[PDB]
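# need a 3D model of the sequence below.
(chains A, B, C, D, E, F and G, ligands or ions: 100)
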Amino acid sequence: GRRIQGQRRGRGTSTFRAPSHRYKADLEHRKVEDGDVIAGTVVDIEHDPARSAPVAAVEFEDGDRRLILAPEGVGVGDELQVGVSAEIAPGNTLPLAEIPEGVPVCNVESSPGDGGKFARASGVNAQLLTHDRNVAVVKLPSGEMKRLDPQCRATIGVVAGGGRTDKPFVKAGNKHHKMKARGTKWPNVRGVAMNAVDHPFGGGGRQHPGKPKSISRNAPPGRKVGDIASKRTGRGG
Amino acid sequence: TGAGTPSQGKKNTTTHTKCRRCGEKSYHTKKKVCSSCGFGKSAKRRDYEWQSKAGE
Amino acid sequence: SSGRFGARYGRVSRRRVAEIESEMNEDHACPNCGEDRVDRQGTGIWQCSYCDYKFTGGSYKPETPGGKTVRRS
RNA sequence: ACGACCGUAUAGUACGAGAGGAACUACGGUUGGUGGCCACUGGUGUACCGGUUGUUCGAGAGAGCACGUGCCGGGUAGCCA
RNA sequence: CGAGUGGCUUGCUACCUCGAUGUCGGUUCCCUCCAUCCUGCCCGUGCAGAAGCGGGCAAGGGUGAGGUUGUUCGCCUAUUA
RNA sequence: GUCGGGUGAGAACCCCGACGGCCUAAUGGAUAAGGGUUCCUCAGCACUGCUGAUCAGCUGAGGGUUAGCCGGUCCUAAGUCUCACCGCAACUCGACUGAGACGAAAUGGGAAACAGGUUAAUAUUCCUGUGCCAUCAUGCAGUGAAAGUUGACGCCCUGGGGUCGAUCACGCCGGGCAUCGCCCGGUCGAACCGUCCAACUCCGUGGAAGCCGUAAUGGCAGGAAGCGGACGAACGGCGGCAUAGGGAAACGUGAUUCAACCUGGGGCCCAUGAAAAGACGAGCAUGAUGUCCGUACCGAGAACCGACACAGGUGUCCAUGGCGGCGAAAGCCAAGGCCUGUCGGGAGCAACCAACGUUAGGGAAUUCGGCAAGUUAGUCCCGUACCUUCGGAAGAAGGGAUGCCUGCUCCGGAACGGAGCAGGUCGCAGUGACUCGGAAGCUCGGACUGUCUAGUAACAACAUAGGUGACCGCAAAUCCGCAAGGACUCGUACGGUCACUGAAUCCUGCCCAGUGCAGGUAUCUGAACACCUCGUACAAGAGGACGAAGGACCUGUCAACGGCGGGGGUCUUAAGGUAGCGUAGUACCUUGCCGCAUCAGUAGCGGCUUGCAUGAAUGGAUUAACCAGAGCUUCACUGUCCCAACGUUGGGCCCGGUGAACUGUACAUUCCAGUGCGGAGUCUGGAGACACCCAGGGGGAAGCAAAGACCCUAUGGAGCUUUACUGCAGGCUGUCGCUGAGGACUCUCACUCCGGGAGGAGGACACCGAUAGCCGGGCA
RNA sequence: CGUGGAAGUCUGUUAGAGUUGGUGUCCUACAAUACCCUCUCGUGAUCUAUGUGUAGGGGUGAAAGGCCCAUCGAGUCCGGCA
Ligand SMILES: [Cl-]
Ligand SMILES: [Cl-]
Ligand SMILES: [Cl-]
Ligand SMILES: [Cl-]
Ligand SMILES: [K+]
Ligand SMILES: [Mg+2]
Ligand SMILES: [Mg+2]
Ligand SMILES: [Mg+2]
Ligand SMILES: [Mg+2]
Ligand SMILES: [Mg+2]
Ligand SMILES: [Mg+2]
Ligand SMILES: [Mg+2]
Ligand SMILES: [Mg+2]
Ligand SMILES: [Mg+2]
Ligand SMILES: [Mg+2]
Ligand SMILES: [Mg+2]
Ligand SMILES: [Mg+2]
Ligand SMILES: [Mg+2]
Ligand SMILES: [Mg+2]
Ligand SMILES: [Mg+2]
Ligand SMILES: [Mg+2]
Ligand SMILES: [Mg+2]
Ligand SMILES: [Mg+2]
Ligand SMILES: [Mg+2]
Ligand SMILES: [Mg+2]
Ligand SMILES: [Mg+2]
Ligand SMILES: [Mg+2]
Ligand SMILES: [Mg+2]
Ligand SMILES: [Mg+2]
Ligand SMILES: [Mg+2]
Ligand SMILES: [Mg+2]
Ligand SMILES: [Mg+2]
Ligand SMILES: [Mg+2]
Ligand SMILES: [Mg+2]
Ligand SMILES: [Mg+2]
Ligand SMILES: [Mg+2]
Ligand SMILES: [Mg+2]
Ligand SMILES: [Mg+2]
Ligand SMILES: [Mg+2]
Ligand code: NA
Ligand code: NA
Ligand code: NA
Ligand code: NA
Ligand code: NA
Ligand code: NA
Ligand code: NA
Ligand code: NA
Ligand code: NA
Ligand code: NA
Ligand code: NA
Ligand code: NA
Ligand code: NA
Ligand code: NA
Ligand code: NA
Ligand code: NA
Ligand code: NA
Ligand SMILES: [Sr+2]
Ligand SMILES: [Sr+2]
Ligand SMILES: [Sr+2]
Ligand SMILES: [Sr+2]
Ligand SMILES: [Sr+2]
Ligand SMILES: [Sr+2]
Ligand SMILES: [Sr+2]
Ligand SMILES: [Sr+2]
Ligand SMILES: [Sr+2]
Ligand SMILES: [Sr+2]
Ligand SMILES: [Sr+2]
Ligand SMILES: [Sr+2]
Ligand SMILES: [Sr+2]
Ligand SMILES: [Sr+2]
Ligand SMILES: [Sr+2]
Ligand SMILES: [Sr+2]
Ligand SMILES: [Sr+2]
Ligand SMILES: [Sr+2]
Ligand SMILES: [Sr+2]
Ligand SMILES: [Sr+2]
Ligand SMILES: [Sr+2]
Ligand SMILES: [Sr+2]
Ligand SMILES: [Sr+2]
Ligand SMILES: [Sr+2]
Ligand SMILES: [Sr+2]
Ligand SMILES: [Sr+2]
Ligand SMILES: [Sr+2]
Ligand SMILES: [Sr+2]
Ligand SMILES: [Sr+2]
Ligand SMILES: [Sr+2]
Ligand SMILES: [Sr+2]
Ligand SMILES: [Sr+2]
Ligand SMILES: [Sr+2]
Ligand SMILES: [Sr+2]
Ligand SMILES: [Sr+2]
Ligand SMILES: [Sr+2]
Ligand SMILES: [Sr+2]
Ligand SMILES: [Sr+2]
Ligand SMILES: [Sr+2]
Ligand SMILES: [Sr+2]
Ligand SMILES: [Sr+2]
Ligand SMILES: [Sr+2]
Ligand SMILES: [Sr+2]
Ligand SMILES: [Sr+2]
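Residues are numbered from 1 along each chain as shown, chains lettered A, B, ... in the order given. Ligands and ions are numbered 1, 2, ... in the order given. Below you will find the coordinate block:
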């Protein structure tokens, strides 16, 4: 047969890549030596092509101009702070240790200093639950309880743009425009709508998968399609 | 549209040109490589044993 | 407000579009001053036509349910 | 190169209780086929004559173009049914 | 039950054609066969008549229009000698 | 095209005039690519040119392309290459990371040129006039100088400013016409220098509690109007430039609508609409320098691609010439171009054919099917059903009007803008041509716009929004690479991957036995290393002990693959078909039965329906809207038909010139029969038959064109499949190495990751190398 | 009632794109996919020029086994090869 679409993907050809050259900024936590002493003023609010959500342009005291992953409620003129002794206000960034429990956080680091990994999409947020001298437990947007190093920096508040998913695309044209801003091949032809040569589910005189859809985790690329290592399927039971 | 005559009329692009190294009109001006002598690809001259019968 | 869609898309689609856009187009009280002068500038971007306060908020609402929770705690 | 049918008289007669109901022959017409012809009716008739829209030749007069007549009305000969 | 004729149906066979003899139905145009549907002439009748029924000679001419269906076939309608 | 004429040995087609035509987003003008001398001149006709040629894109010889200010050159874009580094058995191979370079000629950014004149051929290049830019030198000024501004930007609507053009009025110059007095052309003049400034923003004054303002949104005591002011636009106005230039002459002035250009306001995004060089910021004189490359011509029904002087294909700007009208529409006409979509002569010019016009009465009877053709039509008024997701349906349907002429009214600043009124009046016909919908109903399918088999399929197929399930916390899931490495990803669960279903609405039953996936697991099974026994002075080898993933076994799971019967008043194998729908695009029987409709209806629709063999995201039902989708009915219309006729244009036929191809074992005037390998012009018997030629429609040569696609055969091929055979990747798992200290555990020092770093997390694991077991059509 | 001017919105041979029927014309063609009329789309998932990337068991594919220079159920060239 021929390599399936999932295999063409990995080659990183133009069709499968994201329009990086059109992307604005790699929104990471500003690095501070120590002491915390660092603040900046929100100069503007911009649209982020890579995330379909707003982003704040912030100018710091030392003269550094950088785009920031803006939480909800941040506006031009506001003063944001970043450091161990930062003020516990929305928009400020400080390690999980200095962040009081029960407070919503976003753009959490996985390893102290990485610049932020978790809770970065529209409207989401992580819940800071437990404190300790060794570990700070956080509840990520997926519902998973994540034990983290209390030194991991994080921003206060929920990511701006919440509710984006509430409105339907309505028509293909709208999807088209969004897709064009991401690293994704669209539209999607169903495997079952292809020829045997093109996909495991292809062929037949009528459209239906060959074998069952639940495929073993050990399946090789070219065959791993359908329901990857599903613990169950359907809605009932 | 036919792949034949009708599709021939758009062919006004220049690719293969006289090669600075070998003199053959095979220097692909887009790729900057000579399909005949390998100029632009290798210091050594392009040559292959299959260019002649195995016993020659 | 989904009349631009004519007889296409079905109830749900154009019904939720009309709502989301209605509440989006509503007069919004600016956080800076107090006047109902906040208009959407783009996806998640809002601004007061009075004091010029430009700020971030929900994609279609200037403030989201989870956004209000932030203040509280 | 002619085939077939209908109608009238025969006749409300022969036959028959009645109901019903022929023929020989003589006529008139129809249908299908055939050959020919155009006085008559009909079609055509970018021969011709007229009306008239747009535009061009300044108007007028008189003309060109609008697909092999712009369109509309009438239509001779011939050819035709 | 027995004897046949035909070569329209079907089957059988594998002679002919696989360096190709273009399909079914329809159409159009031409010729033919008779086991005759009508028309001519006849015989019988459970032939009064009228209308039939069965049979003989006979291939000159005729055997048309339509509804469903790709249909051939067939079903149906109204005309018809 | 035609009549004259010119040149010439020769003229239908080379040139001149006249008459007649063709082209209007092109058949005109400027160009990109591409061509490459095709451009100009002279001389020619052997070649090329669908005939001819005195002509030519042909032949030969000469000639022709002139730049500080037009392009290139410079900048950076998607991206490319080079070097270093690393991989690889190796490289001309390979990903990343660094550095460098490359990457835009119409059409990205960008220092500066306009007007006229000139040649056979160049021209913002030459020449004349005027102007401008950059660098440098000198002199003077200036010490400022880098923050900032610019370069520099999406889609939709819209205001204002405003030039060209077009038109109107009046004047002047010239032409035309001659029943009038109308019609046509012209009435010029740049770059540049100087000056003017609307919009936006801001300041002062002022002091609105309801006013100010817009096409629209809107604005304000956080200070509205008004008044004054700062900054501030055009490729625009104005003055110069200009006793420059140009014109035979006049050598205008006002207006309207206003492309270009300038400047504002509004709206939209699950879409956010380049970068760099450079410039400004940052003066003036005088002078010097401004090199290098391109520049001809074609740009197409003859200069390009398509073998051709090919009816094909091929980007940009001229989108403002006149009438017309809604119009960048038709039709007609300018400017400009052309008679080279390049063979002619002749015959009332037959048959036949291609395009096409008109046909009486009938009116779909034609046909698989109204295929083909036709009908309708523009604009205003009236009026408009079922259904419906309330948007729509809808231009539903149906009805009326429509010209010209005279005089007017209304809206507006006005138009050579629009809406009406009264009177008069002509035709068969007033959207008079042109332009220009036929309409209605029932059913099936897909919701919709969209996609597709370049070249027989445009569909119901694909996509889609919507619905759903699966995987994954990022040192992730998924995927590419042998490796070094990489896409996703400037991304982080409101994510993105992998699949299914396919808008909305009402819904989506039962089954986990088999198969798949996943989880668990006492016990059973389960390889290699190490370990133990036997064996061998060692070794091969035999056995044992321990036992990972996996399997057995257990459980979960069907919007996983799939299933939803036979029998009787349970059995196979888990369940035994729920809502619905149903003779279906699924129903064999079958033209099922009843009804509707028709003279007549295997059709269509409705009802019934025991369903050969319907049925619920293998989605069921249903549905407004949409459709070059399938079927059916009606009105209207008609040469589709009854049944054909006449006509128009190009052919056909005859003449001049040019001049192929297909095909050919031989013989050949055949016909009827027969025979023969059973389908004979050629054998046999007869019949017929004087030769040659022209036109015809195609009966035969089992006509010509193709070593049958069908079918079989060959120990033929290939693509595809799988619980076929055998293997190979890949995933999981144990073990050895890296690998270290004190049956579970602690630690840090290798190693890995995070962190600029200090340092943090992890850690003998992981990675990597090796081997073993399992899964393994992903691949051979 | 007006204003406003939305839309994978409608009419449209505007430009441009496409290709339903005629099973017309052609079928030793004008043409190895053409001609005419008819027909669909025509503010968007639009069309288009140039530049650039992806390469052969590999691309690319709104999926037709479509397309990758008249070549595709595995391009083309040469070689293995007689
Ligand atoms: Cl999405
Ligand atoms: Cl009849
Ligand atoms: Cl140039
Ligand atoms: Cl405005
Ligand atoms: K055969
Ligand atoms: Mg970031
Ligand atoms: Mg979704
Ligand atoms: Mg993309
Ligand atoms: Mg799909
Ligand atoms: Mg398919
Ligand atoms: Mg198929
Ligand atoms: Mg497969
Ligand atoms: Mg399906
Ligand atoms: Mg399916
Ligand atoms: Mg034959
Ligand atoms: Mg007899
Ligand atoms: Mg006879
Ligand atoms: Mg000459
Ligand atoms: Mg010239
Ligand atoms: Mg020519
Ligand atoms: Mg008639
Ligand atoms: Mg019939
Ligand atoms: Mg038709
Ligand atoms: Mg007035
Ligand atoms: Mg049906
Ligand atoms: Mg559709
Ligand atoms: Mg096709
Ligand atoms: Mg179609
Ligand atoms: Mg979906
Ligand atoms: Mg989804
Ligand atoms: Mg579908
Ligand atoms: Mg029925
Ligand atoms: Mg179900
Ligand atoms: Mg053969
Ligand atoms: Mg076969
Ligand atoms: Mg095989
Ligand atoms: Mg790292
Ligand atoms: Mg195989
Ligand atoms: Mg391209
Ligand atoms: Na017999
Ligand atoms: Na036949
Ligand atoms: Na007879
Ligand atoms: Na019949
Ligand atoms: Na000629
Ligand atoms: Na000026
Ligand atoms: Na006009
Ligand atoms: Na559309
Ligand atoms: Na099961
Ligand atoms: Na079923
Ligand atoms: Na469509
Ligand atoms: Na006719
Ligand atoms: Na013949
Ligand atoms: Na194959
Ligand atoms: Na309104
Ligand atoms: Na067509
Ligand atoms: Na290949
Ligand atoms: Sr990051
Ligand atoms: Sr970082
Ligand atoms: Sr399949
Ligand atoms: Sr269920
Ligand atoms: Sr081209
Ligand atoms: Sr190279
Ligand atoms: Sr070599
Ligand atoms: Sr009588
Ligand atoms: Sr009587
Ligand atoms: Sr005429
Ligand atoms: Sr006889
Ligand atoms: Sr008889
Ligand atoms: Sr038969
Ligand atoms: Sr039958
Ligand atoms: Sr000669
Ligand atoms: Sr010439
Ligand atoms: Sr360059
Ligand atoms: Sr340029
Ligand atoms: Sr545009
Ligand atoms: Sr204006
Ligand atoms: Sr030139
Ligand atoms: Sr030109
Ligand atoms: Sr052309
Ligand atoms: Sr074409
Ligand atoms: Sr002219
Ligand atoms: Sr000629
Ligand atoms: Sr007439
Ligand atoms: Sr009919
Ligand atoms: Sr009929
Ligand atoms: Sr009407
Ligand atoms: Sr449906
Ligand atoms: Sr196509
Ligand atoms: Sr649905
Ligand atoms: Sr199971
Ligand atoms: Sr039931
Ligand atoms: Sr003989
Ligand atoms: Sr002939
Ligand atoms: Sr549209
Ligand atoms: Sr067809
Ligand atoms: Sr033709
Ligand atoms: Sr053809
Ligand atoms: Sr036609
Ligand atoms: Sr349209
Ligand atoms: Sr060979």
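
# could you give the number of residues near residue 45?
Picked chain A for this. A count of nearby residues for residue A:45, using other CB atoms under 10 Å in any protein chain shown, gives 24. All C-beta atoms are positioned from the backbone trio N, CA, C, and that covers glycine.

# meant chain B actually
Neighbour number of residue B:45 under other CB under 10 Å is 12.

# in space, what's closest to it - neighbours in sequence excluded?
residue B:37 (5.5 Å; CB to CB, 6 or more residues apart in numbering or on different chains).

# now do the contacts for that neighbour.
Under the criterion of CB atoms under 8 Å, 6 or more residues apart in numbering or on different chains, the neighbours of residue B:37 are B:19, B:21-22, B:24, B:26, B:45-46.

# quickly find the element holding the closest residue to residue C:5 other than its chain neighbours.
Spatial nearest neighbour of residue C:5, excluding adjacent residues (CB to CB, 6+ apart): residue C:14 at 4.9 Å. Element membership of residue C:14 [criterion: DSSP states H and E] is helix C:11-25.

# close to RNA strand G, is that helix?
No. Using CB under 7 Å from any atom of the strand, helix C:11-25 never reaches RNA strand G; the gap is at least 9.6 Å.

# angle of the helix or strand just after that helix against helix C:11-25?
Next in sequence after helix C:11-25, counting helices and strands by DSSP H and E, comes strand C:38-42. In terms of direction (axes from the mean of the first three to the mean of the last three CA atoms, to 10 degrees), strand C:38-42 departs from helix C:11-25 by 120 degrees.

# strand C:38-42 pairs with which strands?
With DSSP bridges as the test, strand C:38-42 is paired with strand C:45-48 (antiparallel).

# just how off-centre is the strand it pairs with within its chain?
Strand C:45-48 has its C-alpha centroid displaced from the chain centroid by 9 Å (CA atoms, centre = their mean, to the nearest Å).

# residues touching the helix holding residue C:14, excluding its own?
Contacts of helix C:11-25 (CB under 8 Å, 6+ apart): A:166-168, A:170, C:1-2, C:5, C:8, C:40, C:60-61.

# how does it look with 10 Å?
Outside helix C:11-25, the residues within contact range by CB atoms under 10 Å, 6 or more residues apart in numbering or on different chains are A:163, A:166-171, C:1-9, C:39-40, C:58-62.

# ok, then the element right after the longest strand anywhere in chain A?
Looking across chain A with DSSP state E, the single longest strand is strand A:39-48. Counting by DSSP H and E, the next helix or strand C-terminal to strand A:39-48 is strand A:53-60.

# show me the contacts of residue B:37 that map onto strands.
Per DSSP E, the contacts of residue B:37 map to strands at residue B:26.

# drop anything exposed from the contacts of residue B:37.
B:19, B:22, B:26, B:46 (16 or more other CB atoms under 10 Å in any protein chain shown).

# that older thread, now, of the contacts of helix C:11-25, which are buried?
A:163, A:167, A:170, C:2, C:40, C:58-62.

# tell me the one of those nearest ligand 59?
residue A:170 (31.8 Å; CB to the ion).

# these two touch, right, that closest one and residue C:10?
Yes. Using CB atoms under 10 Å, residue A:170 is in contact with residue C:10, at 9.5 Å.

# state the number of residues packed around residue A:115.
16.

# all helices for chain B, in order.
In order along the chain, chain B carries the following helices (DSSP state H): B:5-8.

# can you tell me which residues in it are near RNA strand F?
Within chain B, the positions adjacent to RNA strand F are B:1-14, B:32, B:38, B:41-44, B:46-47 by CB under 7 Å from any atom of the strand.

# as a quick check, tell me the outermost residue of chain A.
No residue in chain A sits farther from the centre than residue A:205, which is 41.1 Å out by CA atoms, centre = their mean.

# outline the domain layout of chain A.
Domain assignment for chain A by curated CATH domains gives A:1-78, A:82-159, A:160-237.

# quick one: contacts for whichever residue of chain C sits closest to ligand 6?
Chain C approaches ligand 6 most closely through residue C:56 (16.3 Å), counting by CB to the ion. For residue C:56, the contacting residues are A:42, A:45-46, A:53-56, A:70-75, A:91, A:157, A:159-162, C:44-46, C:62, C:67, by CB under 10 Å, 6+ apart.

# residues near the residue in chain C that chain A sits nearest to, how many?
For chain C and chain A, the shortest gap (CB to the nearest CB) falls at residue C:55, measuring 3.0 Å. By other CB under 10 Å, the residues close to residue C:55 number 28.

# the helix ranked longest in chain A and RNA strand F in contact?
Determined from DSSP H, the single longest helix within chain A is helix A:172-179. Yes. Shown here: helix A:172-179 in contact with RNA strand F (CB under 7 Å from any atom of the strand) through A:172-175, A:177-178.

# stretch C:65-73 now?
Yes. With CB under 7 Å from any atom of the strand as the criterion, RNA strand F is reached by stretch C:65-73 at residue C:66.

# now that stretch: how far from the chain's centre is it?
Offset of stretch C:65-73 from its chain centre (CA atoms, centre = their mean): 17 Å.

# ok, residues contacting that stretch?
Against stretch C:65-73 from outside (CB under 10 Å, 6+ apart): A:71-73, A:88-91, A:100-106, A:123-125, A:127-128, A:156-160, A:162-163, C:56-58, C:61, C:63-64.

# out of the residues you listed, which sit inside strands?
Those of the contacts of stretch C:65-73 lying in strands (DSSP E): A:104-106, A:127-128, A:156, C:56.

# give me the neighbour count for whichever residue of chain B sits closest to ligand 61.
Across chain B, the shortest distance to ligand 61 (CB to the ion) belongs to residue B:10, at 4.2 Å. Close neighbours of residue B:10, defined as other CB under 10 Å, add up to 7.

# separation between it and ligand 9?
Separation of residue B:10 from ligand 9 (CB to the ion, to the nearest Å) stands at 33 Å.
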